[PDB]
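Written out below as structure tokens is the structure these notes cover.
Protein chains in written order, with PDB author numbering: chain H, 415 to 531; chain D, 4 to 531; chain G, 4 to 531; chain J, 4 to 531.
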């Protein structure tokens, strides 16, 4: 948990070369990358600490040994053994739905609305 | 249909509303307080000297600064209905923590570590406040405490003293006027509980907003009530004998509650609504404990009789009943006194065979209030405006004495807030981050505000008064009486505050200041 | 006709203007600095990468925030003409102290103890800066410093190295272009002083604003000058031979000064103004030290000849003279070199018979500059634009090398500000009042700003950069070069700053922040 | 008195102004270009089909978008005076780099790496353009290139062909009309230099802004001139004989220059001021190289005769002199032709004994221009409007032929931009950061703009045009002539552009786009 799983997910779109590798789809991949960076940034920031340095410490270190950052205690700790864990169902559903509404958002080009008079 | 308020200025907005509330209640505080004029609903205006009445009526225009002042009103009201006093102190301290809070926060300081510092500081200052407290253990010192806390002369405070000297602990003393000019002490079979009414619309006589009824029958069950036709038949029994009815069966749903308040608003049916004591098997063991005490059987389905009709056998009787916000009291009824003398025997038998721990203290708290009973006191009568003036004085006397004997006693005049303030300087916290230290200094400078406002609005500089007491030794009960304007010891003189008031107002003020500075976004429904 | 600006908000007004000045100069700083487009006075615009030019042109509409920005410009300009560089660093530091300062003052903190904490912190940080400094004592390490400090390749920086390896101390190296593509070193009879021009209107060629004249006569008297009729006869002596004239006789009053600038503006008379070196008997002993050095006599009334007609040998000759803001230099004249070799003998004579102390060092500072002379260097020429680009590169090279060897050298990139910032945490001051501690933390967070603005406007987060540098050992010259974006030691790589610049910009920034936060009331003339 | 513009929107303001300039110059481009109506200073309007006249006159109200458009005007003007043509191409490309640049920058992309990508991509494309270029080495193919580049028929372009076939390299061919209808080729003793006149106020006949004089004497010294009394005596020597005078002594200061332009504005004295060729000892070796050539001695103070008076012996003669922005040409004078034939012998002698390297090429560049001389051509005359129409057609012909033979030739129509644009897709840079790749793609989409605007304003979709040219093989000189609206090889048809124009307009466009996107803050002096 701690939204750190979104960083580990974001740092695996750099290895995704798609078909037919048109620059636009690559932009969308970079879009997902920078968008997954936001949640942990908001968590660390609104807690009271710079999120840029936290993101740097976790990412530069090995991403596999469950390295993470607990904002509740503010210290370098493994999220598993400490007790900060998130259900994968929540992460998956919130991620798919966010893209689903972003789909029907950016695709939009004309909006109508019934007015008062 | 929702308005948005964000950033740094949104906080300042409701802070101003808070500061405006603490401004009018601020000039209320002090022995030489000022008069606040209120525009009447219809007719001649009402002059106010109380901080409670002011906090009740204040509500501004701008919604953000309106919910800000109301957010402090919560702490003020909550402090009042849990300590009996200290609304003025709660508000001014609340705004003090907020003002000094916003002052430091504006320097880009982390709110989380600040509020953590405040929480721990006041918490240790509460632990320190218990050390500061002066305990009463003798009925004669209790007499001196009572008579002094009572307005003016002793005598009447000397009457309350022996009134509670009879019934040792667990209360509960109730007062009433009439009928002939003497001091009539009366002890009868009465009981109380720490539950409250269902709706604040049952208040018999404002502004006391306390529901009192004389010569009324009682009725109670354990299960939830929603059906009405059963009570309608009992309503016919309440019309059969034009008398009010008592009901306290845990949760009454919106249907029966609406029928109750409608039949009460017209005056056709005098009804009372309230909750059940305890939980689980305790409920069915508490209502049956008060059933026979009131001279009535139990209408539970466990045996079980529960139908449309209801006679005198299923409902007990109570001469007088007085219920308030968090308390419900019964007294006066001349029913089976042996029941009160036999149920206590059953508790002793159960406690003798009890191996558990929770059952020991539950039987201990039940044997307490049972044995304590109710004691009701009758006041004298000189003129028609005399006991009315007395009854109010003895009302404020009893509540003050109870609040004092409950948690202990501390030197009043707001000086106890100074002594508590000059002990945060030695507090080295963990992990001693600068932010938490700021919060400690915030508590320090905030505790300074009440005494300053007291002296200032009295007519003298508070800076010199604070300097005279602080530089002098804080231990020999040194203080400053604003009533006489002289250096005196607050204990021997007669200026004392109940420690319950100081603690509650302090904790609540930090409580609202916690959820005030922690806020960052405020929403509000708008007109259009 | 006078406007009154008071309270707390009047401070924030000029703070905004200060912050606006630091905003534009802020994006100027750093190796990956940004361009700032200036509107032309008439025609094609002018893009600027320097922080000096920007600070010259900035002046806001609102008077209060204009004089506030102008107040910072004072420290910026003063740093520029006392160190040679660091306008960008002085400004951002000045605003840093002001921003962080007012951030704390807003909490009602005592300004007096705050600025006291600032002054002492930076002063001990200057004493610490001298420890941080690296000293050059060998001409070969001086060669490596000079070449690296020079732009790009060495060769020319390797030429200035031996140029100052010849003239050991006291300077002073002066440069000039022409005529054939080689490296021509020339040592001749030249001298300089630490005085300046009378008026900034004498500047020959802006934006260098340095008055340079070739093949001109020089005139010196010790007393003050106010009369004109004597000068207009020398003007006739300056018209007889169409040549410029040099004058530095202490104080020239408004009358003669106005006549001088008027006759110079029309181009009829090429005149130069300036001031006198030393004081009292020193003046009459310094002007006669340069009179014969320029091949002229003294027109003092002590002997004394002083009439209307002045001739050829009452005024010395100087082949080339270059003067600036706080310096005045002469060079080139092929006069009595024996004088330069005989006056030094007279100084040694006075030195050995001297029993005093001040006379010993006055003779020592005079024998220094006299023996030092003025070595003029001639650069080569590939094309016509290459010689100009070189001349500018060697101009910035010489001024950088001089500013480096003068006060010592410190690691550049603004990283030395962090190493200094992480030494205030150990500073336990007297009497350690919290306010002075706030001032220390203010300096800390303020010294953090420059490196942040450099990294940020370069294109990378400054927080991570600060962390990586600070968490690592601060002693093995660890640093971060924004030009390459990589972990590197600032020394071996070639990113160095002169310690004189850091110190001057630091002290001045605190100096203006001193007179900024101490302010409480501001006045200003209005239009109507 | 200074305004402040910052953030992202400040960039878009001047970007709009740039977009407005490229809008009017945009409809100018193309064979089927449109007419731009200009309001006259006084009287009948002036229609313009040239992009040069438009770029001169355009200047908007809003200062920021004015200095933005002017910033592009600097690129267009600089391209014009360094290539001879391509103002329209420079502007549309400049705005292309800006538009496509800001289009990517708005995504928060690093400006530093972007412009770095732009610089390197276009620089390698310059190295690529030199590959795309076609070379001319035969006078007969030169004849075909010249006649085609010339408007319409050949004959006259076939005359310029043999005109330059005579004088091989180093130029320089000058033209003139009159007097009898034939083809008169004339070679005489003439010379030129790559220097320019002092002030643009000396222009004889606009809009050609080129100062031309007939039958005038010359005068040159090496030292700087500031005095005037010597000049006013030569003025008297220029008044006794009503003839203009030539002066080129390096730097003429503000005094003499002001006197010169004043005496010229009244028509009493026909003067001009020009700079010195070479540098140092070269100057004194170049002015005496043109002194005797013009039949005059040297007035240098190196020995050295220089006083008040001046006669015919100190000043040479010149039949005709034509000077422009960056060139100064003399021709026609019938002086010592033996001088031009003897100084070349002296150069060969010095060349034989020269051991250096720079002296060899300096003697080589002097022996070149000396041997090349200055061939002047005379055109025929049918009517009076035909000779002027010819003279204009041969003026643009000569300038086009020189620009084509100088840097080589490339297929015109802006199609060479596509061939250059479809070569950035193979450019893998270092360290191949995405930003530099964006800058490469920016260059690609920007090079697509000119050909698109050409086809569009002509009257055909540019999308299908780009498709046909690009999808086909880019090597067999495939192109699209908008004049005939048809598939055609740009070489064999007659639509060719000089490589110098394409290269210079491309480099300057990136240069101003460099100092455009790098900008982040813009300042501007306001009215009040």
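For every residue, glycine included, the Cβ atom is placed at its ideal position computed from N, Cα and C.
Buried versus exposed call for residue i [16 or more other C-beta atoms within 10 Å across all chains shown]
{"i": "residue 212(D)", "result": "exposed"}
{"i": "residue 470(D)", "result": "exposed"}
{"i": "residue 475(H)", "result": "exposed"}
{"i": "residue 76(J)", "result": "buried"}
{"i": "residue 203(D)", "result": "exposed"}
{"i": "residue 216(D)", "result": "buried"}
{"i": "residue 414(G)", "result": "buried"}
{"i": "residue 519(G)", "result": "buried"}
{"i": "residue 29(G)", "result": "buried"}
Three-way DSSP call (helix, strand, coil) for residue i in this model
{"i": "residue 359(G)", "result": "coil"}
{"i": "residue 82(D)", "result": "helix"}
{"i": "residue 115(J)", "result": "helix"}
{"i": "residue 528(G)", "result": "strand"}
{"i": "residue 322(D)", "result": "strand"}
{"i": "residue 21(D)", "result": "helix"}
{"i": "residue 5(G)", "result": "strand"}
{"i": "residue 328(D)", "result": "coil"}
{"i": "residue 434(D)", "result": "coil"}
Segment limits, alpha helix (DSSP H) that includes residue i
{"i": "residue 151(D)", "result": "142-152"}
{"i": "residue 459(D)", "result": "437-461"}
{"i": "residue 220(D)", "result": "Not the alpha helix (DSSP H): residue 220(D) falls in the beta strand (DSSP E), residues 214-222."}
{"i": "residue 160(G)", "result": "160-169"}
Terminal residues of the beta strand (DSSP E) in which residue i lies
{"i": "residue 307(G)", "result": "Looking at the DSSP string, residue 307(G) is not in any beta strand (DSSP E), and its letter there is neither H nor E."}
{"i": "residue 190(D)", "result": "187-191"}
{"i": "residue 178(J)", "result": "177-179"}
{"i": "residue 249(J)", "result": "248-250"}
{"i": "residue 40(D)", "result": "39-41"}
{"i": "residue 332(G)", "result": "331-334"}
Any chain A beta carbon closer than 7 Å to residue i
{"i": "residue 106(D)", "result": "The chain labelled as chain A is not found among the protein chains of the depicted structure, namely H, D, G and J."}
Residue from the options with nearest C-alpha to residue i
{"i": "residue 462(J)", "options": "17(J), 24(J), 19(J) and 34(J)", "result": "34(J)"}
{"i": "residue 498(G)", "options": "346(G), 150(G) and 311(G)", "result": "150(G)"}
{"i": "residue 112(J)", "options": "30(J), 492(J) and 437(J)", "result": "437(J)"}
{"i": "residue 324(G)", "options": "455(G), 222(G) and 186(G)", "result": "222(G)"}
{"i": "residue 503(J)", "options": "89(J), 26(J), 22(J) and 41(J)", "result": "89(J)"}
{"i": "residue 510(G)", "options": "216(G), 484(G) and 81(G)", "result": "81(G)"}
{"i": "residue 285(G)", "options": "333(G), 362(G), 317(G) and 348(G)", "result": "362(G)"}
{"i": "residue 288(J)", "options": "522(G), 473(G) and 183(G)", "result": "183(G)"}
Completely contained alpha helix (DSSP H) runs for the stretch 240-297 of chain G, where each covers 4 or more residues: 257-268 and 286-294
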